[PDB]
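A, B, ... follow the sequence lines: proteins, then strands. Residue 1 opens every chain.
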4 protein chains.
Amino acid sequence: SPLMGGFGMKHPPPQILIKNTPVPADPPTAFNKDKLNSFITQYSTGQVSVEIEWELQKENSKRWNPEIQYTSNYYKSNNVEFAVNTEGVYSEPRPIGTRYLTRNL
Amino acid sequence: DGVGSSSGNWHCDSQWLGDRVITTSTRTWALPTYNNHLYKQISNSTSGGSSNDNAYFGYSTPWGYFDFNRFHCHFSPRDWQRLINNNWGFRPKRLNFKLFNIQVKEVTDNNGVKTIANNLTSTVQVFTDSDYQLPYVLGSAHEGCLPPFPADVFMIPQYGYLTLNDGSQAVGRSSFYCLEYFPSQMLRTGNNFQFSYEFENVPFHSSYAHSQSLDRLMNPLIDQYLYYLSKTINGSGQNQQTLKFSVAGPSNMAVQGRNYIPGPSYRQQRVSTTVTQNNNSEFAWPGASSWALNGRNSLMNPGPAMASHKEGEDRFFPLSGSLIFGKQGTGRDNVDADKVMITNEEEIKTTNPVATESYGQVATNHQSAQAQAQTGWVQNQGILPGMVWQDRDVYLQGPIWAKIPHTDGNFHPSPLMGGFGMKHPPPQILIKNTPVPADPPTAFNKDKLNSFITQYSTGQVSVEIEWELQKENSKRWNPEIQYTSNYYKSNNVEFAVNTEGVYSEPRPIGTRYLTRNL
Amino acid sequence: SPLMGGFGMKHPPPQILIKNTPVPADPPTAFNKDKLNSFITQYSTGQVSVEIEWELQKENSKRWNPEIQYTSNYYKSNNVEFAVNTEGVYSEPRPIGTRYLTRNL
Amino acid sequence: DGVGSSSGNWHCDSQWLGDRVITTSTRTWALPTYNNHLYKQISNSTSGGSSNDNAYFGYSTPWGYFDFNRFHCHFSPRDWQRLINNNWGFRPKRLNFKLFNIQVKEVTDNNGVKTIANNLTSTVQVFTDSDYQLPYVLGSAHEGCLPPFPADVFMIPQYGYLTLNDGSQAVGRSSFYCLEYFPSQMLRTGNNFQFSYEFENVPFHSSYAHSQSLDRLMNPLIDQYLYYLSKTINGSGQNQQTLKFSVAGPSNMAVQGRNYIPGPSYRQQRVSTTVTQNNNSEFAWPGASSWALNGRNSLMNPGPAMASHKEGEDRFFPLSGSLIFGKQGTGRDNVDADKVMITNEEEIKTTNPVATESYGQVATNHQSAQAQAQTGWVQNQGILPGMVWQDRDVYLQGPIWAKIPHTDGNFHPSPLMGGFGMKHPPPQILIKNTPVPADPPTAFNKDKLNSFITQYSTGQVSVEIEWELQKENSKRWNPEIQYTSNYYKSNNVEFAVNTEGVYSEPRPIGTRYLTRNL
């Protein structure tokens with residue numbers, strides 16, 4: 001199990017590598033054997049989509065009293081947590097774990 | 001399809017069948033980049049607001065939206081005249097919407113001069129809130145709808161929404177919505193977008209005016225078999241108390257028994273358009289009727305459907321009881337009375353109470369030999385069994401529909417500004433230009449990109465709505481009142497363009513000209 | 001809708017009425033027309049079971065920030081909320097509503 | 001069935017097939033009312049505890065539970081002797097459990113005299129935690145199991161559980177379980193209860209002792225083809241440094257290369273049963289090995305499976321390294337050494353390190369002409385590749401199984417007290433007398449009833465377990481060591497009743513008498 005947290009796999013999702021194909025500038029009219037070092041300045045943009053299906057393990061606890069749950073605080077604040085600021089900057093105000101429900105040992 | 005092939009044709013026409021009329025309208029739109037592709041938290045603090053009643057909290061989105069929630073977006077003045085002069089009612093049935101001929105442009109500024117060129121590879125994103133998961137802003141009479149004149153090119157309004165607020169601050173229950181968290185179709189210059197919508201069943205709008213009044217439904221020739229107390233004393237002194245009863249008949253119609261009563265009220269202040277009849281004081285906000293929600297006062301505007309004025313009292317209006325439209329070219333702030341068009345609901349005076357009067361009088365004590373009978377003015381009256389009323393009339397330039405708020409209970413959810421109330425109205429159609437980043441640095445930087453190519457998009461939008469008609473079957477002998485243009489000579493034709501090409505709507509047009517019995 | 005909260009029905013769950021059948025004591029050996037007023041002192045006990053099926057309306061919100069949720073407080077206390085005391089007394093420490101999730105108006 | 005018909009028969013026997021042995025045991029039980037039908041919060045404050053290491057928080061339930069997690073509950077001494085003398089291994093396969101002949105009694109006290117009578121209409125509730133939704137208390141060596149002697153009548157232990165605690169207080173993560181929130185069968189005197197359970201696949205228990213040691217697996221007649229550094233200096237002064245190498249052979253077995261090494265360690269303190277060899281100080285708790293969890297120290301007891309003592313050192317034991325059983329009639333607190341039975345694991349000295357020794361020595365520096373080579377005692381050693389070890393032996397009076405804690409990771413989850421570790425062990429069987437209220441008041445009172453008829457229940461319980469056997473196929477020529485009774489005359493027969501009818505187990509019996517190669 002990865003020490004930083006997560007799922008350890010011998011064959012994880014493969015690395016996806018992307019590069020802009022070089023586009024040479026105008027070459028000299030006389031042959032030169034050296035590799036070209038004059039290229040048209042280029043960059044690329046586009047959209048990327050990733051879809052992941054997750055399997056869930058539902059809880060079947062017989063605990064009587066209510067569990068601890070992650071919840072936002074109703075108390076008034078200048079900004080909504082996990083939202084944008086007045087300058088459009090998105091922020092994550094706190095780390096959120098996964099361990100709120102309980103089960104016996 | 002391709003760069004050199006049109007993705008749609010210009011459809012703008014009205015087709016009149018027997019019980020149905022199909023309206024089609026096409027417009028050319030322009031969509032800029034809003035908020036520089038950013039979401040921004042907004043509030044009365046950001047806009048400088050100070051009053052508690054106007055405090056708000058919300059977000060402004062980089063998305064635009066298409067709005068066609070005004071009748072003139074679909075009906076020409078002639079079609080509107082035909083509809084109102086030939087039908088007792090109408091209602092929308094189904095909707096067809098199309099986006100096509102997408103054209104995305106890039107703008108480059110060198111020095112005080114801008115050059116515009118096509119960006120054939122850029123995309124525009126469009127999706128419909130068919131599940132109604134976003135705040136609905138089409139239920140407010142906002143600007144930015146399709147122009148009434150087909151030749152006008154219009155700018156797509158920016159989409160924004162409000163959430164729960166405490167002053168200029170938010171609360172934990174406040175919600176933040178990201179419109180990129182929705183699946184949306186991405187369209188290049190060759191692509192088009194279309195969807196169909198079916199209106200939920202709604203009652204026909206009352207495009208008629210009653211030819212009878214609620215207090216004059218009896219036979220004027222026959223007495224009732226019911227009696228009334230005519231006298232209490234002994235006429236022509238002390239100790240003169242003696243009960244009396246008389247038949248209620250044509251000579252005294254006011255005391256006849258009646259099965260139904262006029263609809264509810266919430267009294268408005270009365271304002272004259274003859275300025276010297278008004279009080280010499282500032283009474284707008286103070287004198288206005290209002291309602292309160294969580295400590296915030298909101299103007300009662302336009303409020304319950306009530307008759308604007310008593311017969312012959314045309315100079316008076318209720319302070320916030322009526323829709324006010326602005327004439328062409330009218331300014332935004334503090335314009336004179338001649339620069340606006342004050343609608344009136346005099347047609348519903350036969351069933352609805354007068355906005356500036358008490359509902360009636362109610363007994364307030366027990367009369368006796370020592371105490372004279374006392375009555376009190378009913379300034380507001382709620383719904384009572386046996387009440388009947390007419391809803392507010394709709395107008396050519398007025399709204400068409402509104403979304404019924406998702407609540408546990410509601411009563412007669414006809415929109416108070418006029419139109420058809422629906423739990424599932426036509427969905428919001430949101431559109432945005434996909435950001436196109438400028439040249440990024442050659443060294444990786446984790447910050448989000450803030451340098452983008454200046455872009456805007458343009459194209460055509462078509463909306464087709466099928467309307468169901470309720471024909472009139474009146475046996476009235478004398479001719480009806482009909483909306484008509486005036487033959488008398490004028491410098492310009494009403495509902496036409498001026499010498500500068502400016503289209504104007506000179507007056508609001510209602511729907512209630514034909515008559516039917518009560 | 002009931003003003004105290006709940007579901008209003010013209011035909012709600014019917015009233016279930018229960019009574020111990022009277023068991024007369026020894027009657028006199030001579031007939032007496034008066035109704036008997038001497039009965040064996042009795043009481044009854046047993047188990048009662050009620051099963052109710054509830055239909056659920058799931059939430060389909062597009063809200064980005066986390067919702068307000070009912071949660072127990074982790075902070076230490078002498079007793080667990082909604083549990084028994086050292087004397088076996090069960091207690092409900094607070095009223096719990098139903099309105100924590102949010103939706104547009 | 002009915003009041004006058006038995007709901008089951010007395011089944012108590014052992015059936016020995018070829019590779020399987022089926023043990024059946026029946027006992028008579030008595031179940032009182034616990035906590036007067038109440039759930040009670042318990043903690044070290046309620047019991048008067050003060051130390052941090054012994055602080056706890058939990059609940060005591062009115063439910064009892066059936067426990068048969070000890071080998072003597074199923075195996076008679078003769079059956080145990082056969083199993084240990086004739087098999088190299090064994091493991092449970094399947095389970096059958098029965099409750100029958102339910103008898104519920106009511107107790108009435110008039111004045112210093114109690115009368116007991118049947119209550120034919122009262123019920124007893126039984127259910128199994130097949131989904132393992134309740135805290136598992138069968139994994140601890142608790143009293144209250146079925147008696148080893150079939151004629152003994154036993155009292156059902158009360159069920160209790162512990163949750164998260166901070167001192168004597170609870171936290172928000174603490175859980176409270178109501179056992180009435182589970183479906184349970186209600187049984188009158190005519191009803192019976194039964195269920196079947198299948199043991200999950202577990203390795204065979206090692207009921208053998210190795211006839212070879214891990215350091216003596218080589219051929220004693222042939223040299224290795226590997227060398228060792230025999231000398232470093234120049235024998236018989238200064239400047240005498242010269243490397244040397246020799247063949248590792250039978251004459252020096254300690255330096256031969258080996259492929260596998262003894263298993264892990266965690267050193268224990270050494271205690272002599274000859275009291276005058278021990279230090280004249282109080283060293284129990286202080287001198288003991290421990291581990292810490294959330295600031296609480298818990299004794300390392302019994303800890304890793306390690307050899308109890310070196311060859312011939314029988315008088316010594318590890319301070320908390322071994323299971324300690326009490327002789328019949330032994331008191332609860334501060335009993336002498338002759339009143340308890342100290343188990344030992346000398347059979348695993350061939351593969352496991354000695355509990356009271358260092359694992360070995362490890363280099364702690366770089367030797368040079370100025371610094372002499374230094375080594376340090378490895379007092380605890382974790383798992384290393386190539387390690388082999390034997391688990392702790394099981395005993396006739398020892399535990400059978402335990403529940404593997406539901407955690408993300410574990411290593412070799414064999415219970416440290418001995419037995420078979422299972423993620424899904426035999427489920428807890430919980431039993432309780434249904435409360436029978438006394439006469440209630442004739443006027444309604446909303447408070448829960450606190451006046452109940454004094455009741456207790458009795459009946460028979462039967463459990464049948466099928467065990468799989470691993471037969472021995474040794475080629476050993478000389479006879480093996482076998483467990484045997486001593487013929488020499490004695491006042492009483494071992495594993496029998498006394499003149500007062502008291503059954504006693506005079507010694508712990510292991511399983512490792514047969515031998516096999518390493």
- Message: Check this for me: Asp408(D), atom CG, are more than 12 non-hydrogen atoms of other residues, nucleotides or ligands nearer than 6.0 Å?
- Response: no
- Message: Can you tell me if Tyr70(A) has over 12 outside heavy atoms packed within less than 6.0 Å of its OH?
- Response: yes
- Atom CH2 of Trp64(A) and atom OH of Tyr59(D): how far apart are they, to the nearest 0.5 Å? 13.0 Å
- Query: Rounded to the nearest 0.5 Å, how far apart are OH of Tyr177(D) and CZ of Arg63(A)?
  - Reply: 7.0 Å
- Would you give the length of the straight line joining atom OG1 of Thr163(D) to atom CG of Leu105(A), rounded to the nearest 0.5 angstrom? 11.0 Å
- Query: More than 12 heavy atoms of other residues, nucleotides or ligands under 6.0 Å from CG of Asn294(D): is that the case?
  - Reply: no
- Item | Residue selection (most heavy-atom pairs with chain A, distance under 4.5 Å) from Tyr161(D), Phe182(D), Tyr136(D) | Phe182(D)
- Message: With a sphere of 6.0 Å drawn around CD1 of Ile40(A), does it hold more than 12 non-hydrogen atoms of other residues, nucleotides or ligands?
- Response: yes
- Item | Exceeds 12 heavy-atom contacts within 6.0 angstrom, atom CD of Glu143(D) | no
- Query: How long is the span from the CG atom in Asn65(A) to the SG atom in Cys178(D), to the nearest 0.5 Å?
  - Reply: 11.5 Å
- Item | Taking every non-hydrogen atom, the tightest pair across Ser175(D) and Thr102(A) | OG-OG1, 3.5 Å
- Message: Can a donor-acceptor pair be found, under 3.5 Å and without considering hydrogens, that links the side chain of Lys62(A) to the backbone of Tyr181(D)?
- Response: yes
- Note on the structure: In terms of heavy-atom contacts, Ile68(A) and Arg173(D) come closest through CD1-N, 3.6 Å
- Query: Is there a donor-acceptor contact under 3.5 Å from the side chain of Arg103(A) to the main chain of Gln133(D)?
  - Reply: no
- Should we count CD1 of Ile18(A) as having more than 12 external heavy atoms under 6.0 Å? no
